[PDB]
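Printed here is model_39.txt (compact mmCIF, C-alpha atoms):
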# COMPACT_ATOMS: atom_id res chain seq x y z
CA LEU A 785 73.93 6.04 101.19
CA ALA A 786 76.60 8.18 99.56
CA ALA A 787 74.76 10.89 97.62
CA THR A 788 76.29 13.14 100.13
CA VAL A 789 78.91 14.02 97.53
CA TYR A 790 76.33 14.74 94.82
CA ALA A 791 74.48 17.13 97.06
CA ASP A 792 77.79 18.19 98.63
CA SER A 793 79.71 18.93 95.45
CA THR A 794 76.64 20.56 93.81
CA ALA A 795 76.15 22.97 96.66
CA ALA A 796 79.80 23.70 97.06
CA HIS A 797 79.82 24.80 93.45
CA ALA A 798 76.45 26.59 93.97
CA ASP A 799 78.05 28.69 96.75
CA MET A 800 81.24 29.45 94.80
CA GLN A 801 79.13 30.69 91.89
CA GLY A 802 77.28 33.09 94.10
CA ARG A 803 80.67 34.58 94.86
CA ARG A 804 81.44 34.89 91.19
CA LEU A 805 78.47 37.21 90.78
CA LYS A 806 79.93 39.43 93.58
CA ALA A 807 82.91 40.21 91.37
CA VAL A 808 80.74 41.22 88.39
CA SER A 809 78.83 43.49 90.78
CA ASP A 810 82.15 45.03 91.78
CA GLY A 811 82.83 45.68 88.08
CA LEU A 812 80.01 48.24 87.91
CA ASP A 813 80.87 50.11 91.13
CA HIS A 814 84.33 51.47 90.27
CA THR A 817 85.42 57.34 79.71
CA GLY A 818 83.32 54.25 78.98
CA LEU A 819 84.99 50.85 78.84
CA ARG A 820 87.09 49.17 81.40
CA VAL A 821 87.88 45.83 79.83
CA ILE A 822 89.00 43.71 82.75
CA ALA A 823 90.38 40.24 83.30
CA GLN A 824 90.41 38.45 86.67
CA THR A 825 91.19 35.25 88.60
CA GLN A 826 89.32 34.19 91.72
CA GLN A 827 90.73 31.42 93.85
CA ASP A 828 88.40 29.90 96.52
CA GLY A 829 89.51 27.53 99.27
CA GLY A 830 87.24 26.30 102.05
CA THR A 831 86.89 23.43 104.58
CA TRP A 832 83.66 21.95 105.95
CA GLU A 833 84.07 19.69 109.07
CA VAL A 837 85.52 12.69 108.54
CA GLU A 838 86.48 16.20 107.25
CA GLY A 839 85.39 18.30 104.23
CA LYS A 840 87.53 20.41 101.87
CA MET A 841 87.32 22.45 98.64
CA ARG A 842 89.41 24.39 96.09
CA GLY A 843 88.26 26.37 93.02
CA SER A 844 89.88 28.47 90.26
CA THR A 845 88.11 30.53 87.57
CA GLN A 846 89.35 32.65 84.61
CA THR A 847 87.15 35.59 83.54
CA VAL A 848 86.81 38.38 80.86
CA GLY A 849 84.18 41.10 80.74
CA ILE A 850 83.40 44.73 80.02
CA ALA A 851 81.95 47.69 81.94
CA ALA A 852 80.20 50.18 79.65
CA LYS A 853 79.01 53.49 81.00
CA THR A 854 75.93 53.56 78.73
CA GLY A 855 74.96 57.06 79.92
CA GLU A 856 74.10 59.53 82.67
CA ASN A 857 73.98 57.46 85.92
CA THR A 858 74.04 54.13 84.07
CA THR A 859 76.64 51.35 83.90
CA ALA A 860 76.23 48.12 82.00
CA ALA A 861 78.41 45.04 82.26
CA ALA A 862 78.60 41.63 80.62
CA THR A 863 81.27 39.21 81.78
CA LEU A 864 82.03 35.66 80.63
CA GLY A 865 84.32 33.25 82.45
CA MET A 866 84.86 29.65 83.29
CA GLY A 867 85.80 27.61 86.31
CA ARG A 868 87.18 24.30 87.50
CA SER A 869 86.42 23.09 91.02
CA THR A 870 87.32 20.15 93.25
CA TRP A 871 85.79 18.60 96.39
CA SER A 872 87.56 16.08 98.67
CA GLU A 873 85.50 14.24 101.31
CA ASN A 874 86.06 10.89 103.08
CA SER A 875 85.72 8.46 100.16
CA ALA A 876 84.35 10.74 97.42
CA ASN A 877 85.96 13.31 95.08
CA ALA A 878 84.27 15.73 92.77
CA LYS A 879 85.85 17.65 89.95
CA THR A 880 83.66 20.34 88.51
CA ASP A 881 83.73 22.19 85.24
CA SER A 882 81.81 25.25 84.19
CA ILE A 883 81.38 28.21 81.81
CA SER A 884 78.95 30.95 82.62
CA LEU A 885 77.70 34.23 81.34
CA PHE A 886 77.25 37.11 83.79
CA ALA A 887 75.64 40.54 83.30
CA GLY A 888 74.82 43.50 85.50
CA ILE A 889 73.07 46.82 85.25
CA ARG A 890 73.72 49.63 87.70
CA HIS A 891 71.30 52.57 87.88
CA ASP A 892 72.38 55.58 89.97
CA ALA A 893 70.24 58.04 91.79
CA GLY A 894 72.42 61.15 91.57
CA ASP A 895 75.06 60.84 94.29
CA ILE A 896 73.10 59.09 97.11
CA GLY A 897 72.69 55.43 96.04
CA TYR A 898 71.89 52.92 93.32
CA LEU A 899 70.15 49.89 91.89
CA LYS A 900 71.74 46.73 90.55
CA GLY A 901 69.92 44.27 88.35
CA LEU A 902 72.11 41.20 87.96
CA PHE A 903 71.94 38.02 85.89
CA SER A 904 73.83 34.75 85.31
CA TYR A 905 73.43 31.60 83.37
CA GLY A 906 75.85 28.79 83.83
CA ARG A 907 76.59 25.32 82.72
CA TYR A 908 78.47 22.80 84.89
CA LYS A 909 79.45 19.15 84.87
CA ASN A 910 80.51 17.11 87.91
CA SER A 911 82.52 14.07 87.44
CA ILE A 912 82.02 12.31 90.75
CA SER A 913 83.98 9.32 91.98
CA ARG A 914 83.51 7.55 95.33
CA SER A 915 84.40 4.41 97.28
CA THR A 916 80.89 2.94 97.19
CA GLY A 917 81.95 -0.17 99.08
CA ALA A 918 85.10 -1.88 100.27
CA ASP A 919 87.41 -2.32 97.23
CA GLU A 920 84.75 -1.01 94.77
CA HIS A 921 84.70 2.18 92.70
CA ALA A 922 81.51 3.94 91.49
CA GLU A 923 81.94 6.98 89.26
CA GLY A 924 79.21 8.93 87.52
CA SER A 925 78.81 11.94 85.26
CA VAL A 926 76.27 14.65 86.01
CA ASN A 927 75.19 17.68 83.97
CA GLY A 928 73.33 20.84 84.87
CA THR A 929 72.63 24.57 84.92
CA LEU A 930 72.72 27.27 87.59
CA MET A 931 70.87 30.48 86.85
CA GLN A 932 71.18 33.57 88.89
CA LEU A 933 68.89 36.62 89.28
CA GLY A 934 69.54 39.43 91.71
CA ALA A 935 68.25 42.73 93.09
CA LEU A 936 70.52 45.09 95.07
CA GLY A 937 70.34 48.72 96.23
CA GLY A 938 72.91 50.93 97.94
CA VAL A 939 73.73 54.27 99.63
CA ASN A 940 76.88 56.36 99.66
CA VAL A 941 77.61 57.66 103.18
CA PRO A 942 80.29 59.92 104.71
CA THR A 946 89.13 61.74 103.23
CA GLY A 947 87.39 58.29 103.38
CA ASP A 948 83.95 56.82 102.54
CA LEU A 949 81.26 54.36 103.70
CA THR A 950 78.78 52.13 101.86
CA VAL A 951 75.83 50.09 103.14
CA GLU A 952 74.17 47.85 100.66
CA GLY A 953 71.87 44.86 100.43
CA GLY A 954 69.41 42.82 98.46
CA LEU A 955 68.37 39.36 97.39
CA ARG A 956 69.51 36.68 95.07
CA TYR A 957 67.68 33.75 93.60
CA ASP A 958 69.57 30.73 92.35
CA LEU A 959 67.92 28.35 89.97
CA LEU A 960 69.54 24.95 89.65
CA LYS A 961 68.43 22.40 87.08
CA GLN A 962 70.49 19.19 87.11
CA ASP A 963 70.15 16.38 84.54
CA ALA A 964 69.42 12.65 85.13
CA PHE A 965 72.48 10.43 85.55
CA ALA A 966 73.98 6.98 86.17
CA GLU A 967 76.60 5.67 88.59
CA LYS A 968 78.64 3.18 86.56
CA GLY A 969 80.80 0.47 88.12
CA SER A 970 79.72 -0.80 91.52
CA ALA A 971 76.15 -2.17 91.50
CA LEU A 972 75.30 -0.24 94.68
CA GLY A 973 75.48 3.07 92.70
CA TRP A 974 72.59 5.53 92.36
CA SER A 975 70.57 6.36 89.24
CA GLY A 976 69.99 10.10 89.53
CA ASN A 977 66.49 11.34 88.93
CA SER A 978 66.60 14.98 87.74
CA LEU A 979 66.50 17.97 90.10
CA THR A 980 64.95 21.44 90.07
CA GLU A 981 65.68 23.57 93.14
CA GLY A 982 65.51 27.36 93.77
CA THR A 983 66.66 29.60 96.64
CA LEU A 984 66.11 33.10 97.90
CA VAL A 985 69.14 34.69 99.60
CA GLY A 986 69.32 37.79 101.85
CA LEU A 987 72.49 39.88 101.36
CA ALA A 988 73.77 42.68 103.67
CA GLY A 989 77.20 44.33 103.51
CA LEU A 990 79.09 47.37 104.79
CA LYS A 991 82.09 48.74 102.84
CA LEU A 992 84.73 51.21 104.17
CA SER A 993 87.09 52.94 101.68
CA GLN A 994 89.87 55.23 102.99
CA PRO A 995 91.96 56.85 100.21
CA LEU A 996 95.75 56.65 100.04
CA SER A 997 96.43 59.10 97.21
CA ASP A 998 94.68 60.42 94.09
CA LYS A 999 95.84 57.18 92.34
CA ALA A 1000 95.20 54.32 94.79
CA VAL A 1001 92.12 53.47 96.83
CA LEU A 1002 92.10 51.34 100.00
CA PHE A 1003 89.18 49.43 101.63
CA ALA A 1004 87.76 47.07 104.27
CA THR A 1005 84.41 45.19 103.99
CA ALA A 1006 82.07 43.34 106.31
CA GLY A 1007 78.64 41.84 105.61
CA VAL A 1008 76.34 38.90 106.47
CA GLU A 1009 74.10 36.60 104.38
CA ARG A 1010 71.28 34.13 105.22
CA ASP A 1011 69.11 31.80 103.15
CA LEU A 1012 65.42 32.68 103.25
CA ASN A 1013 64.43 29.20 102.16
CA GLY A 1014 65.65 25.65 101.71
CA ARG A 1015 68.42 24.55 99.47
CA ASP A 1016 69.06 20.82 99.22
CA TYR A 1017 70.30 18.97 96.12
CA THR A 1018 69.91 15.31 97.20
CA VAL A 1019 68.58 13.04 94.39
CA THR A 1020 66.19 10.02 93.92
CA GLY A 1021 66.13 6.26 93.41
CA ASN A 1037 74.72 18.12 107.23
CA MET A 1038 74.97 21.64 105.93
CA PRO A 1039 74.32 24.93 107.83
CA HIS A 1040 72.92 28.43 106.99
CA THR A 1041 74.03 32.03 107.93
CA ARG A 1042 77.47 33.45 106.96
CA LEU A 1043 79.52 36.31 108.35
CA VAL A 1044 82.05 37.70 105.87
CA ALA A 1045 84.79 40.24 106.22
CA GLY A 1046 87.53 41.30 103.82
CA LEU A 1047 90.21 43.68 102.52
CA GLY A 1048 91.03 45.40 99.20
CA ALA A 1049 92.88 47.98 97.03
CA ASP A 1050 92.53 49.52 93.60
CA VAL A 1051 95.70 51.01 92.07
CA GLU A 1052 96.42 53.07 88.90
CA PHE A 1053 99.39 52.14 86.71
CA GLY A 1054 99.54 54.73 83.94
CA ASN A 1055 98.32 54.62 80.39
CA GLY A 1056 94.80 53.35 80.89
CA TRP A 1057 96.08 50.28 82.76
CA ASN A 1058 95.23 49.43 86.37
CA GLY A 1059 95.38 46.79 89.12
CA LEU A 1060 92.78 45.42 91.58
CA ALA A 1061 92.90 43.11 94.66
CA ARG A 1062 90.34 41.63 97.09
CA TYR A 1063 90.30 39.19 100.03
CA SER A 1064 87.25 37.67 101.81
CA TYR A 1065 86.67 35.43 104.78
CA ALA A 1066 83.32 33.81 104.99
CA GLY A 1067 82.76 32.61 108.52
CA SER A 1068 80.34 30.09 109.97
CA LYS A 1069 81.02 27.65 112.80
CA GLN A 1070 81.55 24.58 110.59
CA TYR A 1071 82.28 26.48 107.31
CA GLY A 1072 85.21 28.86 106.76
CA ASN A 1073 86.00 30.05 103.21
CA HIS A 1074 88.93 32.09 101.78
CA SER A 1075 88.38 33.97 98.57
CA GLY A 1076 91.00 36.06 96.76
CA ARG A 1077 90.64 38.05 93.53
CA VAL A 1078 93.33 39.70 91.35
CA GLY A 1079 93.38 41.04 87.79
CA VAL A 1080 94.09 43.83 85.28
CA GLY A 1081 91.96 46.32 83.35
CA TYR A 1082 92.03 48.92 80.61
CA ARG A 1083 89.98 52.06 80.49
CA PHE A 1084 89.04 53.54 77.10
Show this structure as structure tokens.
Amino acid sequence: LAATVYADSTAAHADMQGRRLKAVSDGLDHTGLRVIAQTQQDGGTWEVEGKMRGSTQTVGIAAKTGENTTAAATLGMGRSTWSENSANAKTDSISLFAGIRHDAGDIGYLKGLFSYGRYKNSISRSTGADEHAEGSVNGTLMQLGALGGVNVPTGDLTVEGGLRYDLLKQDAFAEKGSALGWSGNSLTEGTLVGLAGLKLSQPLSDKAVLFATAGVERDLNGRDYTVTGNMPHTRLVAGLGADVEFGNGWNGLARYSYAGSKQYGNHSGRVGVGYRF
């Protein structure tokens, strides 16, 4: 029974969202205010062969609320699509992100991170020969995250890790059209995630900062979003990135990641502006 999509779309979003938090985290790391505005384009493939593409707009702020403290609340949205054999899933979301960065003098730091997010999946699948079954499904992801880091020694190294816990509540839905379509019973699921990354940053000038990143990330416990009445684990990720300064407050920013399983590659690229006050 198709349901694969439900579970498949839901998780594929679930993943993507985890990546959204990674940006917000960024936002702390980098005068109070830097208002910033980003886009993040994700594109992955799964395999009968899986595929995904996602795009999100995003605006948030990065207050230096004091000695050693940074505070950041971002809000954005996102659209996301999933193409599988017979089933497609368009996704729509709006979430609220926040992060708090405490520093220990110049050695390392803590990050408390939070996210609440709404999402709808319009699913549509060939549920039989010549027969359509579509359905609409509503839900919430909620993200909570601990994370500590150390500065290490022109050029600079950073080794950082922690845990994330995703809480997904999905509403109870109907598959209208073909009579072989599911009636979704609701779904609570939660998932601890280990996170472990290394970041190298070699400087170009006193106005442009260049870096390369590698890290891994496993799931400590089960995540499955099948409903009532395939998918692997561990990722390697590497990437590239630059900051650049453009004059009168203004500044650029750019980041590429590759997330690399055997049977799950993902490409994620961020780009946006920012204003420091």
TODO: Could you check how far CA of residue 875 (chain A) sits from CA of residue 1040 (chain A), in Å to one decimal?
DONE: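 That distance, rounded to one decimal, is 24.7 Å.
With CA of residue 949 (chain A) on one side and CA of residue 992 (chain A) on the other, the separation reads 4.7 Å.
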TODO: Skip residue 1059 (chain A) itself and residues of its chain fewer than 5 positions away, then list as a list in words all residues within 6 Å of it, counting all atoms listed in the file.
DONE: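 In the requested format, the answer is residues 1050, 1051 and 1080 of chain A.
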Using all atoms listed in the file, tabulate the residues of region 794-883 of chain A lying at most 10 Å from any atom of region 891-896 of chain A, each with its closest atom pair and that distance in Å to one decimal, by chain and increasing residue number, as JSON lines.
{"residue": "A:812", "atom": "CA", "partner": "A:891", "partner_atom": "CA", "distance": 9.7}
{"residue": "A:855", "atom": "CA", "partner": "A:891", "partner_atom": "CA", "distance": 9.8}
{"residue": "A:856", "atom": "CA", "partner": "A:892", "partner_atom": "CA", "distance": 8.5}
{"residue": "A:857", "atom": "CA", "partner": "A:892", "partner_atom": "CA", "distance": 4.7}
{"residue": "A:858", "atom": "CA", "partner": "A:891", "partner_atom": "CA", "distance": 4.9}
{"residue": "A:859", "atom": "CA", "partner": "A:891", "partner_atom": "CA", "distance": 6.8}
{"residue": "A:860", "atom": "CA", "partner": "A:891", "partner_atom": "CA", "distance": 8.9}
TODO: Might you pull out every residue within 9 Å of residue 1001 (chain A), with all atoms listed in the file counted and same-chain residues fewer than 4 positions away left off, and present them as number ranges by chain?
DONE: A: 993-997, 1048-1051
- [ ] Compare A:1012, A:1082, A:998, A:794 by their minimum atom-to-atom distance to residue 946 (chain A), counting only C-alpha atoms, and give me the closest one.
- [x]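 Using only C-alpha atoms, residue 946 (chain A) sits closest to A:998.
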TODO: Extract, using only C-alpha atoms, all DNA, RNA and protein residues at most 12 Å from residue 990 (chain A), discarding same-chain residues fewer than 5 positions from it, and format them as a PyMOL selection string.
DONE: chain A and resi 938-941+948-953+1003-1009+1043-1047
Once 3 Å is added on each side, what centre and edge lengths in Å to one decimal does the axis-aligned box around all listed atoms of region 957-968 of chain A have, as AutoDock Vina command-line options?
--center_x 73.2 --center_y 18.5 --center_z 89.1 --size_x 17.0 --size_y 36.6 --size_z 15.1
List every residue of region 899-926 of chain A that has an atom at most 7 Å from any atom of region 879-882 of chain A, and for each one report the closest atom pair and its distance in Å to one decimal, counting all atoms listed in the file, with rows sorted by chain and then by increasing residue number, as CSV.
residue,atom,partner,partner_atom,distance
A:906,CA,A:882,CA,6.9
A:907,CA,A:882,CA,5.4
A:908,CA,A:882,CA,4.2
A:909,CA,A:881,CA,5.3
A:910,CA,A:880,CA,4.6
A:911,CA,A:879,CA,5.5
A:912,CA,A:879,CA,6.6
- [ ] Rank A:800, A:964, A:805, A:936 by their smallest atom-to-atom distance to residue 886 (chain A), using all atoms listed in the file, and report the top residue only.
- [x]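 Between A:800, A:964, A:805, A:936, the residue approaching residue 886 (chain A) most closely is A:805.
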Task: Non-local contacts of residue 807 (chain A) (9 Å; all atoms listed in the file; under 4 positions in same chain excluded) as a count of residues only - done: 4
- [ ] Rank A:903, A:1057, A:898, A:871 by their smallest atom-to-atom distance to residue 806 (chain A), using only C-alpha atoms, and report the top residue only.
- [x]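 Of A:903, A:1057, A:898, A:871, the one nearest residue 806 (chain A) is A:903, counting only C-alpha atoms.
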Task: Nearest to residue 1081 (chain A) by atom-to-atom distance, counting only C-alpha atoms, from A:824, A:927, A:916, A:874 - done: A:824
Task: Shell around residue 876 (chain A) at 7 Å using only C-alpha atoms, local window under 2 positions removed, as a list in words - done: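 Residues near the query, excluding close chain neighbours: residues 789, 872, 873, 874, 878, 913, 914 and 915 of chain A.
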TODO: Report the distance between CA of residue 932 (chain A) and CA of residue 1084 (chain A) in Å, rounded to one decimal place.
DONE: 29.3 Å
- [ ] Have a look at A:818, A:1056, A:897, A:830 and name the one nearest to residue 796 (chain A); count only C-alpha atoms.
- [x]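 Of all the options, A:830 lies closest to residue 796 (chain A).
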Output region 1047-1070 of chain A as an mmCIF file, keeping the file's coordinate frame, making sure N, CA, C and O atoms are there.
data_model
loop_
_atom_site.group_PDB
_atom_site.id
_atom_site.type_symbol
_atom_site.label_atom_id
_atom_site.label_comp_id
_atom_site.auth_asym_id
_atom_site.auth_seq_id
_atom_site.Cartn_x
_atom_site.Cartn_y
_atom_site.Cartn_z
ATOM 1 N N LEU A 1047 89.285 42.590 102.793
ATOM 2 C CA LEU A 1047 90.210 43.680 102.520
ATOM 3 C C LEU A 1047 90.282 43.936 101.002
ATOM 4 O O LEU A 1047 89.948 43.043 100.203
ATOM 5 N N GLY A 1048 90.731 45.129 100.603
ATOM 6 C CA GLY A 1048 91.030 45.400 99.200
ATOM 7 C C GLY A 1048 91.541 46.778 98.773
ATOM 8 O O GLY A 1048 91.234 47.801 99.422
ATOM 9 N N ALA A 1049 92.301 46.781 97.662
ATOM 10 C CA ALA A 1049 92.880 47.980 97.030
ATOM 11 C C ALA A 1049 92.613 48.040 95.534
ATOM 12 O O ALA A 1049 92.667 47.017 94.850
ATOM 13 N N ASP A 1050 92.331 49.238 95.023
ATOM 14 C CA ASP A 1050 92.530 49.520 93.600
ATOM 15 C C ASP A 1050 93.835 50.310 93.475
ATOM 16 O O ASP A 1050 94.271 50.958 94.451
ATOM 17 N N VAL A 1051 94.463 50.258 92.301
ATOM 18 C CA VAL A 1051 95.700 51.010 92.070
ATOM 19 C C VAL A 1051 95.779 51.423 90.606
ATOM 20 O O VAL A 1051 95.407 50.629 89.756
ATOM 21 N N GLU A 1052 96.267 52.631 90.303
ATOM 22 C CA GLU A 1052 96.420 53.070 88.900
ATOM 23 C C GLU A 1052 97.846 53.114 88.377
ATOM 24 O O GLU A 1052 98.728 53.750 88.974
ATOM 25 N N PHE A 1053 98.049 52.486 87.219
ATOM 26 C CA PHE A 1053 99.390 52.140 86.710
ATOM 27 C C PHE A 1053 99.846 52.874 85.428
ATOM 28 O O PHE A 1053 100.806 52.447 84.738
ATOM 29 N N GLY A 1054 99.166 53.966 85.106
ATOM 30 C CA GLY A 1054 99.540 54.730 83.940
ATOM 31 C C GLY A 1054 98.526 54.631 82.827
ATOM 32 O O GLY A 1054 97.334 54.851 83.064
ATOM 33 N N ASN A 1055 98.992 54.248 81.639
ATOM 34 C CA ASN A 1055 98.320 54.620 80.390
ATOM 35 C C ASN A 1055 97.017 53.906 79.999
ATOM 36 O O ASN A 1055 96.909 53.250 78.956
ATOM 37 N N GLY A 1056 96.018 54.129 80.851
ATOM 38 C CA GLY A 1056 94.800 53.350 80.890
ATOM 39 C C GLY A 1056 94.860 52.271 81.959
ATOM 40 O O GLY A 1056 93.945 52.149 82.771
ATOM 41 N N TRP A 1057 95.956 51.511 81.970
ATOM 42 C CA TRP A 1057 96.080 50.280 82.760
ATOM 43 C C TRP A 1057 95.859 50.483 84.244
ATOM 44 O O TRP A 1057 96.059 51.577 84.759
ATOM 45 N N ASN A 1058 95.421 49.421 84.916
ATOM 46 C CA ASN A 1058 95.230 49.430 86.370
ATOM 47 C C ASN A 1058 95.057 48.058 87.036
ATOM 48 O O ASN A 1058 94.563 47.102 86.410
ATOM 49 N N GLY A 1059 95.462 47.990 88.310
ATOM 50 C CA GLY A 1059 95.380 46.790 89.120
ATOM 51 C C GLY A 1059 94.117 46.739 89.922
ATOM 52 O O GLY A 1059 93.306 47.654 89.801
ATOM 53 N N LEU A 1060 93.959 45.681 90.733
ATOM 54 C CA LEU A 1060 92.780 45.420 91.580
ATOM 55 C C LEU A 1060 93.015 44.184 92.443
ATOM 56 O O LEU A 1060 93.550 43.194 91.959
ATOM 57 N N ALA A 1061 92.602 44.219 93.709
ATOM 58 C CA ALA A 1061 92.900 43.110 94.660
ATOM 59 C C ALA A 1061 91.876 43.032 95.786
ATOM 60 O O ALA A 1061 91.527 44.074 96.375
ATOM 61 N N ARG A 1062 91.415 41.811 96.102
ATOM 62 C CA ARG A 1062 90.340 41.630 97.090
ATOM 63 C C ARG A 1062 90.464 40.346 97.848
ATOM 64 O O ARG A 1062 90.630 39.316 97.215
ATOM 65 N N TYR A 1063 90.345 40.403 99.182
ATOM 66 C CA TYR A 1063 90.300 39.190 100.030
ATOM 67 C C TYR A 1063 89.008 39.090 100.852
ATOM 68 O O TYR A 1063 88.601 40.079 101.458
ATOM 69 N N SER A 1064 88.376 37.911 100.882
ATOM 70 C CA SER A 1064 87.250 37.670 101.810
ATOM 71 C C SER A 1064 87.422 36.468 102.723
ATOM 72 O O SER A 1064 88.034 35.469 102.365
ATOM 73 N N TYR A 1065 86.861 36.584 103.920
ATOM 74 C CA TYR A 1065 86.670 35.430 104.780
ATOM 75 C C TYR A 1065 85.229 35.264 105.070
ATOM 76 O O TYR A 1065 84.606 36.169 105.604
ATOM 77 N N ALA A 1066 84.706 34.098 104.745
ATOM 78 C CA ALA A 1066 83.320 33.810 104.990
ATOM 79 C C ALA A 1066 83.263 32.837 106.181
ATOM 80 O O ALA A 1066 83.902 31.779 106.159
ATOM 81 N N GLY A 1067 82.526 33.205 107.225
ATOM 82 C CA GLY A 1067 82.760 32.610 108.520
ATOM 83 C C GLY A 1067 81.593 32.077 109.311
ATOM 84 O O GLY A 1067 80.987 32.811 110.088
ATOM 85 N N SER A 1068 81.286 30.798 109.120
ATOM 86 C CA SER A 1068 80.340 30.090 109.970
ATOM 87 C C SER A 1068 81.141 29.438 111.099
ATOM 88 O O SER A 1068 82.364 29.653 111.211
ATOM 89 N N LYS A 1069 80.432 28.686 111.948
ATOM 90 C CA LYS A 1069 81.020 27.650 112.800
ATOM 91 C C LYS A 1069 80.665 26.328 112.122
ATOM 92 O O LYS A 1069 79.495 25.897 112.127
ATOM 93 N N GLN A 1070 81.688 25.713 111.523
ATOM 94 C CA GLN A 1070 81.550 24.580 110.590
ATOM 95 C C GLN A 1070 81.362 25.010 109.116
ATOM 96 O O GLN A 1070 80.535 24.437 108.391
#
